[PDB]
Amino acid sequence: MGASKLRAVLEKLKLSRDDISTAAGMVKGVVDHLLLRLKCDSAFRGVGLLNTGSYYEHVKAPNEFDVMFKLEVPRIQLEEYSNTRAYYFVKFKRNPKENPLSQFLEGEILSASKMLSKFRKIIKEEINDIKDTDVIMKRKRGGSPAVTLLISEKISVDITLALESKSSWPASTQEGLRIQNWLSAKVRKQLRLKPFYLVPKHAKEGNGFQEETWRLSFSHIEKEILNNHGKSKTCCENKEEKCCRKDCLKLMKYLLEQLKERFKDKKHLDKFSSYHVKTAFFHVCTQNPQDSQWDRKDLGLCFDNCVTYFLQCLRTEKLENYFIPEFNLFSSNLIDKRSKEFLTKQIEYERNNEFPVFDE
Ligand SMILES: Nc1nc2c(ncn2[C@@H]2O[C@@H]3COP(=O)(O)O[C@@H]4[C@H](O)[C@@H](COP(=O)(O)O[C@@H]2[C@@H]3O)O[C@H]4n2cnc3c(N)ncnc32)c(=O)[nH]1
Ligand SMILES: [Zn+2]
């Protein structure tokens with residue numbers, strides 16, 4: 001693929017500051033309004049907007065946003081559920097002292113369902129026109145911890161609750177984050193000396209669910225390594241060190257989004273998220289630690305590489321969580337072979353025909 005073609009697509013993706021600010025004002029207003037009322041309850045007293053920039057993950061739909069609320073939970077003990085390596089139960093260490101979240105305690109185990117119930121409840125109470133904006137709450141999609149709300153029948157904002165743990169990272173993440181040769185073991189060291197988050201998501205057990213398990217979240221680390229991607233510290237700070245990592249990620253994400261949009265009727269792509277793309281991209285970054293391997297004039301090649309790798313995952317049904325190596329994202333239990341074969345077919349067609357889906 002021509003670097004000028006792909007860079008033409010990326011040039012098109014770049015939107016004006018007005019379209020990204022006009023909405024961000026109202027969204028920021030609603031969020032800042034909710035944050036105040038969240039502190040009225042003793043449970044959500046230690047809550048706070050996790051500084052991620054208050055931006056979205058989509059590229060072109062920018063009408064949607066994504067915010068994440070962190071909540072510090074001191075002295076927590078995780079319990080690995082059914083050896084899923086990624087889902088845990090929350091058991092507080094010392095309970096003779098009064099605990100704010102005791103109302104959600106299902107014994108020794110913290111109930112995620114009641115937590116999200118109270119959270120979504122308070123939010124649903126504040127959404128009853130208290131502001132000057134017209135905001136309505138969307139239905140629960142099922143299993144989804146996010147609480148989406150709609151402003152002016154145009155802007156969608158998903159609110160997610162997290163559990164901040166300043167303790168040491170779980171043992172499942174021991175062999176994770178293989179950035180030693182890429183961003184140095186020093187950066188890995190200092191990064192692993194950061195808190196890890198927890199999101200209320202139930203894992204699959206077959207003909208049922210738990211609704212009381214929590215998944216490991218490392219979105220902040222992803223943002224960090226994303227905004228600081230080069231092996232060189234001055235990467236993308238001068239004309240001689242401009243790379244194309246971010247460009248590749250944007251291209252992959254946009255490809256997946258366009259394919260998911262084109263086949264919205266069918267359900268073959270509904271089990272694929274941009275996170276699989278991001279993960280695959282991180283794996284490629286590990287496989288290509290040198291900035292020279294990411295020259296901006298090689299955008300075509302680099303991108304192709306990513307595509308190839310992604311395809312390989314789909315072809316092998318293997319996509320390890322970048323932080324939890326044993327946790328496979330493309331396992332047969334999660335996503336079926338049919339969907340992955342479909343996506344391989346579509347993507348392969350796109351690559352073989354100069355990506356006509358970009359011009360849609
Ligand atoms: N707005 C919003 N929606 C989410 C989020 N995480 C999941 N969802 C959606 O809620 C359902 C939960 O599905 P699973 O978590 O069990 O696995 C989902 C699902 O298989 C796919 C996401 O598909 P989506 O269309 O975006 O909808 C999901 C899904 O309907 O990737 C998985 N996934 C998404 N984010 C991650 C992630 N960060 N780590 C591991 N797996 C992830 C989220 O963080 N924000
Ligand atoms: Zn760079």
# chains A, B, ... in the order shown; residues from 1 in each chain; ligands from 1
$ select_by_dssp --residues "range 11-196 of chain A" --states "strand (DSSP E or B)" --output "ChimeraX atom specification"
/A:47-49,64-72,76-80,87-92,105-106,109-110,135-137,147-151,155-165,196
$ write_last_selection --atoms "C-alpha atoms" --output "mmCIF file, in the first residue's frame"
data_model
loop_
_atom_site.group_PDB
_atom_site.id
_atom_site.type_symbol
_atom_site.label_atom_id
_atom_site.label_comp_id
_atom_site.auth_asym_id
_atom_site.auth_seq_id
_atom_site.Cartn_x
_atom_site.Cartn_y
_atom_site.Cartn_z
ATOM 1 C CA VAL A 47 -14.175 8.083 43.579
ATOM 2 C CA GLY A 48 -12.384 10.149 40.956
ATOM 3 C CA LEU A 49 -12.160 10.799 37.228
ATOM 4 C CA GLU A 64 -19.129 9.155 21.226
ATOM 5 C CA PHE A 65 -16.978 9.515 24.339
ATOM 6 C CA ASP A 66 -15.553 7.334 27.099
ATOM 7 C CA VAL A 67 -14.850 8.158 30.746
ATOM 8 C CA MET A 68 -13.562 5.934 33.544
ATOM 9 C CA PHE A 69 -14.147 6.430 37.273
ATOM 10 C CA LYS A 70 -11.485 5.053 39.622
ATOM 11 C CA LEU A 71 -12.112 4.114 43.252
ATOM 12 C CA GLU A 72 -9.257 3.373 45.651
ATOM 13 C CA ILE A 76 -7.689 -5.822 48.928
ATOM 14 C CA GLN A 77 -7.071 -9.517 48.293
ATOM 15 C CA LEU A 78 -7.826 -10.988 44.874
ATOM 16 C CA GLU A 79 -9.104 -14.527 44.319
ATOM 17 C CA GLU A 80 -8.439 -16.142 40.930
ATOM 18 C CA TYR A 87 -10.956 -12.549 36.703
ATOM 19 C CA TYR A 88 -10.845 -12.256 40.486
ATOM 20 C CA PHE A 89 -12.962 -11.864 43.623
ATOM 21 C CA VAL A 90 -12.361 -8.972 46.030
ATOM 22 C CA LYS A 91 -11.791 -9.818 49.701
ATOM 23 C CA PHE A 92 -10.827 -6.977 52.055
ATOM 24 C CA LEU A 105 -20.051 -7.242 50.574
ATOM 25 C CA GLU A 106 -21.502 -10.659 49.725
ATOM 26 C CA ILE A 109 -16.527 -11.462 48.520
ATOM 27 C CA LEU A 110 -17.413 -8.045 47.107
ATOM 28 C CA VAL A 135 -29.635 13.568 28.786
ATOM 29 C CA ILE A 136 -31.294 10.144 28.707
ATOM 30 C CA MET A 137 -29.900 6.834 29.967
ATOM 31 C CA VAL A 147 -23.372 3.149 31.737
ATOM 32 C CA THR A 148 -24.031 5.011 28.503
ATOM 33 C CA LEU A 149 -25.950 8.283 28.439
ATOM 34 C CA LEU A 150 -27.161 10.368 25.496
ATOM 35 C CA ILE A 151 -26.922 14.164 25.294
ATOM 36 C CA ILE A 155 -23.599 12.431 21.957
ATOM 37 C CA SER A 156 -23.039 9.074 23.673
ATOM 38 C CA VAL A 157 -20.897 8.831 26.813
ATOM 39 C CA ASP A 158 -19.995 5.562 28.538
ATOM 40 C CA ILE A 159 -19.226 5.676 32.259
ATOM 41 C CA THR A 160 -17.148 2.874 33.777
ATOM 42 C CA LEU A 161 -16.355 2.232 37.442
ATOM 43 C CA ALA A 162 -12.938 0.903 38.451
ATOM 44 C CA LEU A 163 -11.203 -0.329 41.595
ATOM 45 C CA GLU A 164 -7.756 1.183 42.109
ATOM 46 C CA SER A 165 -5.258 -1.051 43.901
ATOM 47 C CA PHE A 196 -3.671 -1.770 38.646
#
$ residues_near_ligand --ligand "ligand 1" --cutoff "9 Å" --atoms "only C-alpha atoms and all ligand atoms" --output "NGL selection string"
:A and (65-68 or 86 or 141-148 or 157-160 or 199 or 201-204 or 215-219 or 269-276 or 279 or 321 or 329 or 334-335)
$ residues_near_ligand --ligand "ligand 2" --cutoff "10 Å" --atoms "only C-alpha atoms and all ligand atoms" --output "JSON, numbers by chain"
{"A": [226, 227, 228, 229, 230, 231, 232, 233, 234, 235, 236, 237, 238, 241, 242, 243, 244, 245, 246, 247, 291, 294, 295, 296]}
$ write_last_selection --atoms "N, CA and C atoms" --output "tab-separated table (two decimals), in the first residue's frame"
chain	number	residue	atom	x	y	z
A	226	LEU	N	1.60	4.26	24.90
A	226	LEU	CA	1.12	4.77	23.62
A	226	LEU	C	1.65	6.18	23.36
A	227	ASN	N	1.55	7.05	24.36
A	227	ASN	CA	2.02	8.43	24.23
A	227	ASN	C	3.54	8.52	24.40
A	228	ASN	N	4.16	7.39	24.70
A	228	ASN	CA	5.61	7.29	24.80
A	228	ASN	C	6.03	5.94	24.24
A	229	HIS	N	6.25	5.90	22.94
A	229	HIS	CA	6.31	4.64	22.20
A	229	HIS	C	7.69	4.29	21.67
A	230	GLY	N	8.54	5.29	21.52
A	230	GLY	CA	9.84	5.08	20.90
A	230	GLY	C	10.88	4.51	21.84
A	231	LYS	N	11.85	3.80	21.26
A	231	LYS	CA	12.99	3.33	22.02
A	231	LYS	C	13.86	4.53	22.36
A	232	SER	N	13.82	5.54	21.49
A	232	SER	CA	14.47	6.81	21.75
A	232	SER	C	13.52	7.73	22.50
A	233	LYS	N	14.05	8.50	23.43
A	233	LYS	CA	13.23	9.39	24.24
A	233	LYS	C	12.71	10.55	23.42
A	234	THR	N	13.46	10.94	22.40
A	234	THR	CA	13.07	12.05	21.55
A	234	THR	C	12.34	11.58	20.29
A	235	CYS	N	11.76	10.38	20.35
A	235	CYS	CA	11.02	9.83	19.22
A	235	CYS	C	9.83	10.71	18.90
A	236	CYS	N	9.68	11.04	17.62
A	236	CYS	CA	8.61	11.91	17.13
A	236	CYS	C	8.67	13.31	17.74
A	237	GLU	N	9.87	13.74	18.11
A	237	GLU	CA	10.07	15.10	18.60
A	237	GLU	C	10.85	15.93	17.58
A	238	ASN	N	11.37	15.26	16.56
A	238	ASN	CA	12.08	15.94	15.48
A	238	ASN	C	11.86	15.24	14.15
A	241	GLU	N	13.41	11.72	13.60
A	241	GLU	CA	12.98	10.60	14.44
A	241	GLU	C	11.47	10.39	14.41
A	242	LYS	N	10.83	10.81	13.32
A	242	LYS	CA	9.40	10.62	13.16
A	242	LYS	C	9.09	9.17	12.80
A	243	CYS	N	8.26	8.51	13.61
A	243	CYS	CA	7.89	7.12	13.35
A	243	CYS	C	6.41	7.01	12.96
A	244	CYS	N	5.94	5.79	12.75
A	244	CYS	CA	4.57	5.57	12.28
A	244	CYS	C	3.80	4.56	13.11
A	245	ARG	N	4.14	4.44	14.39
A	245	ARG	CA	3.45	3.50	15.27
A	245	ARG	C	1.98	3.89	15.46
A	246	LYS	N	1.76	5.10	15.95
A	246	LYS	CA	0.42	5.62	16.18
A	246	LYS	C	-0.42	5.57	14.91
A	247	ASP	N	0.22	5.87	13.78
A	247	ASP	CA	-0.44	5.84	12.48
A	247	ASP	C	-0.92	4.43	12.16
A	291	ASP	N	13.21	1.78	16.44
A	291	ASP	CA	12.46	2.85	15.80
A	291	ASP	C	12.69	2.82	14.29
A	294	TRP	N	10.22	1.24	12.31
A	294	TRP	CA	8.98	2.00	12.22
A	294	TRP	C	9.18	3.34	11.51
A	295	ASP	N	9.96	3.34	10.43
A	295	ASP	CA	10.20	4.57	9.69
A	295	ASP	C	8.91	5.05	9.02
A	296	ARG	N	8.71	6.36	8.99
A	296	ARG	CA	7.47	6.93	8.46
A	296	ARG	C	7.36	6.73	6.95
$ residues_around --residues "residue 114 in chain A" --least-positions-apart "5" --cutoff "10 Å" --atoms "only C-alpha atoms" --output "ChimeraX atom specification"
/A:103-106,119-121,211-212
$ write_last_selection --atoms "C-alpha atoms" --output "mmCIF file, in the first residue's frame"
data_model
loop_
_atom_site.group_PDB
_atom_site.id
_atom_site.type_symbol
_atom_site.label_atom_id
_atom_site.label_comp_id
_atom_site.auth_asym_id
_atom_site.auth_seq_id
_atom_site.Cartn_x
_atom_site.Cartn_y
_atom_site.Cartn_z
ATOM 1 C CA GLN A 103 -23.036 -2.582 51.775
ATOM 2 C CA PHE A 104 -21.882 -4.488 48.688
ATOM 3 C CA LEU A 105 -20.051 -7.242 50.574
ATOM 4 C CA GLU A 106 -21.502 -10.659 49.725
ATOM 5 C CA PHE A 119 -23.644 3.347 40.763
ATOM 6 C CA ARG A 120 -26.026 3.125 37.802
ATOM 7 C CA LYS A 121 -28.810 3.947 40.259
ATOM 8 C CA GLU A 211 -21.642 -11.249 38.113
ATOM 9 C CA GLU A 212 -19.282 -11.008 41.098
#
$ residues_around --residues "residue 36 in chain A" --least-positions-apart "6" --cutoff "12 Å" --atoms "only C-alpha atoms" --output "PyMOL selection string"
chain A and resi 29-30+44-49+122-123+126
$ residues_around --residues "residue 306 in chain A" --least-positions-apart "3" --cutoff "7 Å" --atoms "only C-alpha atoms" --output "count of residues only"
6
